[PDB]
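Given next, in structure tokens, is a single chain: the form deposited in one PDB entry.
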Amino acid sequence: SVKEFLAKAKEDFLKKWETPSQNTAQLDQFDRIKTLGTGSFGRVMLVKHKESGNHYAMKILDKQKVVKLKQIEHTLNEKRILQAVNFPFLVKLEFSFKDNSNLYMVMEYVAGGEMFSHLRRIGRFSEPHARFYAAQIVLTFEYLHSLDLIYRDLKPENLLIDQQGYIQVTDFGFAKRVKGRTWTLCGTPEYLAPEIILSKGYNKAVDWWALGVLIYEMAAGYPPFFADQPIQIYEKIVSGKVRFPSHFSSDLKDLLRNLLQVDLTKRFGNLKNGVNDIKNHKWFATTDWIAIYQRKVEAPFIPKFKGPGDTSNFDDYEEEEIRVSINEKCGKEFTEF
């Protein structure tokens, strides 16, 4: 069953991976309404597609800046992977294209805003609430890892809540297709596995570590390793000593000791039973994995939605006009985009 599902999913992925889609829309098909988020190379805007009237999130990246910052591979990875995957808790790329100056990735608009804002607003999530989202991530990494994909940037800021209270994973900026070890120092300091920080070379297990950090943060309201600066954080991480809030259940603590495990021969997700170690853990005993996959479980939280184009679930950012040069820039670097 899951075996069967995963093998067909891999055929589907490989077809698209091998022959990615390209140039399916163009800038003037969309009216830009508001910035939803920014980044190193550009920004993410709420846009409206003129002919359908549907709203989308348009991720905009300055080609020149991408080359300068040595992020070509990561950016090509992001698009190539996002266009080939398909899973209920992954955001959908609807269109992509490029112009003289920029790269564009147009995704389904997920209006519920980031998990991050809801988490900080409410303080922390109850274990059933945290457990509902964690199951989604477990299934998602099982899918991704089966395609040889490492996600590498799990955090509440990259998880969006949809109109049904379900998670949409966004930001494939550090996602990578690889069998074996890889070495890039990337992610978010609070979430880095010890093996990333010690520059040992690492594999998919870092995603499972990050899950433990995420479950901790959701349940505690704060991360297991925090400080004012990255350096300090890496010290606590490699220390590995973790303390748990008084309200954590015994099962939760046991699960987290297994995920936040410095020893890779012992970290859950990484053993002989693989993910099943996680799925069959006591803390997940009330979880209906199929129902979750099917999105038939009632969500604990359903974002308020003041209609199409509503961005009240997002913070406001300062806007700036999108420049497109009359000169093509970096054409060769981004030929495959």
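C-alpha atoms forming the largest set that superposes within 1.5 Å between two forms make up the rigid core. Sequential numbering from 1, following the sequence displayed.
One more form of this protein should be noted, the form deposited in another entry, which is absent from this view; the next part is about it.
>> To test your reading of the superposition: with the rigid core aligned, which of 299, 27, 271, 292 moves its Cα by 2 angstroms or more between the shown form and the other one?
In response: Shifted by 2 Å or more: 27 only.
> Comparing between the shown form and the other one on the rigid core, is the C-alpha shift at residue 254 2 Å or larger?
Replying inline: Shift at residue 254: below 2 Å after core fit.
>> With both forms fitted on the core, check whether the Cα of residue 217 differs by 2 Å or more between the shown form and the other one.
In response: No: residue 217 shifts by under 2 Å between the shown form and the other one.
> Can we say the CA of residue 229 moves by at least 2 Å between the shown form and the other one when the core is superposed?
Replying inline: Yes; that C-alpha moves by at least 2 Å between the shown form and the other one.
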